[PDB]
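Accompanying notes for the structure given below.
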Amino acid sequence: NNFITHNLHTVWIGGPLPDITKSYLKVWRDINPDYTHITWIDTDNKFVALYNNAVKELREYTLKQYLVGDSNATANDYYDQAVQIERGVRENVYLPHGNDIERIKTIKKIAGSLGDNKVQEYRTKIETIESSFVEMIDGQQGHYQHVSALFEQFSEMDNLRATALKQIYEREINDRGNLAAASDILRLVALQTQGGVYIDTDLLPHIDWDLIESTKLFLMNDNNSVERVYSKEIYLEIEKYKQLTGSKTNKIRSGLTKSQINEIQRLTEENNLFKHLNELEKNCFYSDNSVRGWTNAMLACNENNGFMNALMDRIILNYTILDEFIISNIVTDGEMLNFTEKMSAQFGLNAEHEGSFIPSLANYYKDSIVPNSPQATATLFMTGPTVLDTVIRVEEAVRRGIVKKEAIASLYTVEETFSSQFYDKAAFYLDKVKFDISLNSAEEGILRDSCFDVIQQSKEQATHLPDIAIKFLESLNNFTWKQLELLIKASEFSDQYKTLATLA
């Protein structure tokens with residue numbers, strides 16, 4: 001053969017697959033049936049997702065009691081306690097989470113320590129997870145395969161890389177509980193072991209834009225692409241018409257006309273809208289940089305890919321640097337600059353090309369706890385798309401022709417787009433609302449201004465504000481005419497704002 005093996009790899013780990021994740025995968029099989037569909041699952045790590053939630057619930061409860069005891073405390077004082085709490089609950093030797101058996105005993109221990117009816121609440125969640133995993137394993141029409149066998153299969157090819165990649169995988173599952181970072185590893189292992197195409201579960205196949213042109217209903221774009229204008233709205237109506245199980249489309253709408261919607265609806269019913277995956281050249285690594293930067297959301301390569309090995313080694317080196325960063329106990333911006341040069345001399349890493357990689361390491365245990373710009377989170381630089389982009393640059397891959405751009409999946413889907421909003425000081429007040437902590441005239445004013453700033457950002461589309469933000473806005477009584485006029489525009493796209501629109 002001269003093309004990459006017809007395998008469509010997918011990764012869902014830590015807990016059972018949500019209704020919409022399964023719904024999205026169905027579409028991919030219906031569009032590409034001549035492909036072997038594989039969804040990598042961890043049967044040995046079924047209660048990671050739930051353990052993570054058990055720790056967060058305790059973290060949030062301890063933070064509420066901290067703010068009660070110590071008022072006037074700043075956001076920096078708050079988030080420093082938040083990281084410290086998460087570290088304590090995970091690093092505590094008498095609360096083990098190494099395996100599913102250990103996790104259950106630790107989960108139950110936190111349930112009793114939490115609330116009055118939190119023991120049964122968590123017992124109920126446990127049984128739901130067990131039941132869903134049983135449905136996956138024994139149930140036919142399941143295209144699932146285990147991670148345990150994948151690593152075993154990769155240890156057979158490259159035990160050196162397999163062993164290092166397993167350590168990093170297991171580290172993100174336990175030490176951090178970052179399921180996405182662990183997925184950033186699995187997606188590479190699958191592609192290097194079996195070969196084929198990896199896609200994020202939050203993506204859907206590309207649609208024929210030549211068919212969208214032929215309708216002549218989508219033309220209003222002079223200094224932009226039809227995709228960057230209409231694609232988000234189109235993938236919303238496709239999903240809404242398809243009425244996918246557990247879809248968010250039931251409570252949201254698009255700014256498309258009756259004429260435009262009616263066209264999408266008939267094309268979806270004709271099922272000639274989605275495009276099948278293109279045949280890709282065997283000895284080549286594929287990705288997409290259509291939306292800014294290269295993404296690890298969609299990848300494609302045949303087994304034992306040269307570039308994949310280069311990318312793997314770099315991720316391995318990143319954790320080698322991290323282990324050295326942790327023990328070095330970097331506090332000041334002073335020690336940071338010394339370390340940057342120390343690693344540039346030790347691992348021959350030329351600075352400024354990735355001048356933001358080493359500073360991002362301070363955010364490793366802060367990630368998913370402390371609100372920070374995704375452009376500054378450690379995960380991106382560690383296993384994410386930033387490390388991929390760096391390898392592409394260093395290896396001169398685009399020029400060498402070993403890495404080529406290919407549009408694999410659309411990132412304009414409802415899932416990818418619908419799933420930080422508030423940051424330092426602003427998100428701190430939002431957490432105060434959650435813990436039933438009263439905000440002063442000034443604090444209430446900063447958050448309201450921030451809530452509306454977020455609604456203005458997504459100019460003419462649905463904004464998914466947290467339930468506690470909506471509860472906060474609903475608790476307020478007098479809004480400016482413009483503020484009220486904006487909440488009206490928001491209600492046309494999202495049903496969360498229908499109560500706030502009732503006000504007029």
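The way I read the labels, and the way they are meant: chains A, B, ... in the order of the structure tokens, residue 1 as the first residue of every chain, and ligand 1 as the first ligand shown, with later ones counted on from there.
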
- Message: Could you go through stretch 39-240 of chain A and tell me which residues DSSP, when run on the backbone, assigns to helix (DSSP H, G or I), listing them as an NGL selection string?
- Response: :A and (48-69 or 75-91 or 100-114 or 118-138 or 147-155 or 159-176 or 179-193 or 209-215 or 226-240)

- Query: Near residue A:271, within 12 Å and counting only C-alpha atoms, which residues show up once chain neighbours fewer than 6 positions away are dropped, as a list in words?
  - Reply: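 Close residues of residue A:271: residues 27, 30, 31, 207, 208, 238, 241, 242, 264 and 265 of chain A.
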
- Message: Could you go through stretch 27-269 of chain A and tell me which residues DSSP, when run on the backbone, assigns to strand (DSSP E or B), listing them as a list in words?
- Response: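 So, restricting stretch 27-269 of chain A to strand (DSSP E or B), we get residues 36, 37, 38, 39, 40, 41, 144, 145, 146, 196, 197, 198, 199, 204, 205, 207 and 252 of chain A.
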
Can those selected residues be exported to a file as a compact mmCIF listing (two decimals), in the first residue's frame so that it contains N, CA, C and O atoms?
```
# COMPACT_ATOMS: atom_id res chain seq x y z
N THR A 36 -11.55 1.33 10.05
CA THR A 36 -11.63 0.51 11.25
C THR A 36 -11.68 1.51 12.40
O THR A 36 -10.72 2.25 12.62
N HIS A 37 -12.82 1.58 13.10
CA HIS A 37 -13.03 2.52 14.19
C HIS A 37 -12.60 1.98 15.54
O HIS A 37 -13.06 0.91 15.94
N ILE A 38 -11.68 2.69 16.22
CA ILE A 38 -11.12 2.30 17.52
C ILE A 38 -11.19 3.43 18.55
O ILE A 38 -10.58 4.49 18.34
N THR A 39 -11.89 3.20 19.67
CA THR A 39 -11.96 4.17 20.77
C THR A 39 -11.23 3.60 21.98
O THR A 39 -11.70 2.66 22.62
N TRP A 40 -10.05 4.17 22.27
CA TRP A 40 -9.19 3.75 23.37
C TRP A 40 -9.77 4.13 24.72
O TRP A 40 -10.12 5.30 24.96
N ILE A 41 -9.94 3.12 25.58
CA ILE A 41 -10.54 3.23 26.90
C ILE A 41 -9.69 2.57 27.99
O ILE A 41 -9.06 1.53 27.75
N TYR A 144 -14.65 -0.39 20.98
CA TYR A 144 -13.68 -0.05 22.02
C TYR A 144 -12.54 -1.04 22.08
O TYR A 144 -12.73 -2.23 21.81
N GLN A 145 -11.35 -0.54 22.43
CA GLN A 145 -10.12 -1.31 22.64
C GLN A 145 -9.42 -0.70 23.85
O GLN A 145 -9.60 0.48 24.11
N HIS A 146 -8.69 -1.52 24.62
CA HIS A 146 -8.06 -1.08 25.87
C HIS A 146 -6.66 -0.50 25.73
O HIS A 146 -5.85 -0.98 24.93
N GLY A 196 -2.72 5.40 11.40
CA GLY A 196 -4.01 5.84 10.89
C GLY A 196 -4.29 7.31 11.14
O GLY A 196 -3.42 8.15 10.90
N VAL A 197 -5.51 7.62 11.61
CA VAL A 197 -5.98 8.98 11.85
C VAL A 197 -6.52 9.14 13.28
O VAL A 197 -7.42 8.39 13.67
N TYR A 198 -6.01 10.13 14.04
CA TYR A 198 -6.53 10.46 15.37
C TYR A 198 -7.36 11.73 15.29
O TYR A 198 -6.88 12.74 14.75
N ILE A 199 -8.55 11.72 15.91
CA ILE A 199 -9.41 12.90 16.00
C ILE A 199 -9.95 13.08 17.42
O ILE A 199 -10.20 12.09 18.12
N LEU A 204 -16.20 16.87 14.14
CA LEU A 204 -17.09 16.25 13.14
C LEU A 204 -16.47 16.37 11.75
O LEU A 204 -15.65 17.28 11.53
N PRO A 205 -16.81 15.46 10.79
CA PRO A 205 -16.17 15.54 9.45
C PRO A 205 -16.39 16.87 8.74
O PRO A 205 -17.35 17.57 9.04
N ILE A 207 -17.45 19.43 5.73
CA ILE A 207 -18.59 19.43 4.81
C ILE A 207 -18.18 19.99 3.44
O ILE A 207 -17.21 20.74 3.36
N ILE A 252 -29.84 25.93 22.42
CA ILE A 252 -29.13 27.00 21.69
C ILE A 252 -29.61 27.13 20.23
O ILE A 252 -30.17 26.17 19.69
```

- Query: Do you know which residues are at most 8 Å from residue A:256 counting only C-alpha atoms, after dropping those on the same chain fewer than 4 positions away, and could you put them as an NGL selection string?
  - Reply: :A and (233 or 260-261)

Output C-alpha atoms of each residue in that selection to a file, as a short mmCIF file (atom, residue, chain, number, x, y, z; two decimals), in the first residue's frame.
```
data_model
loop_
_atom_site.label_atom_id
_atom_site.label_comp_id
_atom_site.auth_asym_id
_atom_site.auth_seq_id
_atom_site.Cartn_x
_atom_site.Cartn_y
_atom_site.Cartn_z
CA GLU A 233 -23.59 28.29 12.62
CA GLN A 260 -30.46 29.24 5.15
CA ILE A 261 -31.59 26.80 7.93
#
```

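Nearest to residue A:60 of all the residues A:218, A:493, A:12, A:78 is A:78, based on only C-alpha atoms.
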
- Task: Write out as a count of residues only which residues come within 10 Å of residue A:407 when counting only C-alpha atoms, dropping same-chain ones fewer than 2 positions away.
- Result: 14

- Message: Applying 12 Å and only C-alpha atoms, which residues near residue A:262 remain after dropping the ones on its own chain fewer than 5 positions away? List them as a list in words.
- Response: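 Once the nearby chain positions are removed, what remains is residues 215, 217, 234, 237, 238, 241, 256, 257, 267, 268 and 269 of chain A.
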
Kindly export the residues of the current selection with N, CA and C atoms, as a JSON list (two decimals), in the first residue's frame.
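Wrote it out as part_18.json, contents follow:
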```json
[["chain", "number", "residue", "atom", "x", "y", "z"],
["A", 215, "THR", "N", -25.57, 26.57, -3.46],
["A", 215, "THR", "CA", -26.88, 26.98, -2.93],
["A", 215, "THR", "C", -27.10, 28.47, -3.16],
["A", 217, "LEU", "N", -26.87, 30.78, -1.02],
["A", 217, "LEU", "CA", -27.52, 31.34, 0.17],
["A", 217, "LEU", "C", -26.51, 31.89, 1.19],
["A", 234, "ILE", "N", -23.42, 26.60, 10.83],
["A", 234, "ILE", "CA", -23.82, 25.46, 10.01],
["A", 234, "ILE", "C", -23.75, 24.16, 10.83],
["A", 237, "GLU", "N", -26.76, 23.88, 13.24],
["A", 237, "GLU", "CA", -28.03, 23.45, 12.64],
["A", 237, "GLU", "C", -28.01, 21.99, 12.19],
["A", 238, "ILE", "N", -26.83, 21.47, 11.73],
["A", 238, "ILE", "CA", -26.67, 20.06, 11.32],
["A", 238, "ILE", "C", -27.00, 19.19, 12.53],
["A", 241, "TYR", "N", -30.65, 19.43, 13.65],
["A", 241, "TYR", "CA", -31.51, 18.63, 12.77],
["A", 241, "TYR", "C", -31.30, 17.13, 13.01],
["A", 256, "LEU", "N", -28.70, 32.24, 11.64],
["A", 256, "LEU", "CA", -29.05, 31.93, 10.25],
["A", 256, "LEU", "C", -30.52, 32.23, 9.98],
["A", 257, "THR", "N", -30.83, 32.58, 8.71],
["A", 257, "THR", "CA", -32.19, 32.90, 8.26],
["A", 257, "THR", "C", -32.97, 31.61, 8.11],
["A", 267, "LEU", "N", -30.05, 19.28, 3.09],
["A", 267, "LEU", "CA", -28.73, 18.73, 2.73],
["A", 267, "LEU", "C", -28.26, 17.66, 3.72],
["A", 268, "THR", "N", -28.60, 17.84, 5.02],
["A", 268, "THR", "CA", -28.31, 16.90, 6.11],
["A", 268, "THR", "C", -29.17, 15.64, 5.90],
["A", 269, "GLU", "N", -30.45, 15.83, 5.47],
["A", 269, "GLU", "CA", -31.39, 14.74, 5.21],
["A", 269, "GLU", "C", -30.96, 13.96, 3.95]]
```

- Pick out the closest residue to residue A:119 from this set: A:230, A:325, A:106, A:26. Count only C-alpha atoms. A:106

- Message: Ranking A:438, A:113, A:79, A:351 by minimum distance to residue A:372 and counting only C-alpha atoms, which one comes first?
- Response: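 Going through A:438, A:113, A:79, A:351 one by one, the smallest distance to residue A:372 is for A:79.
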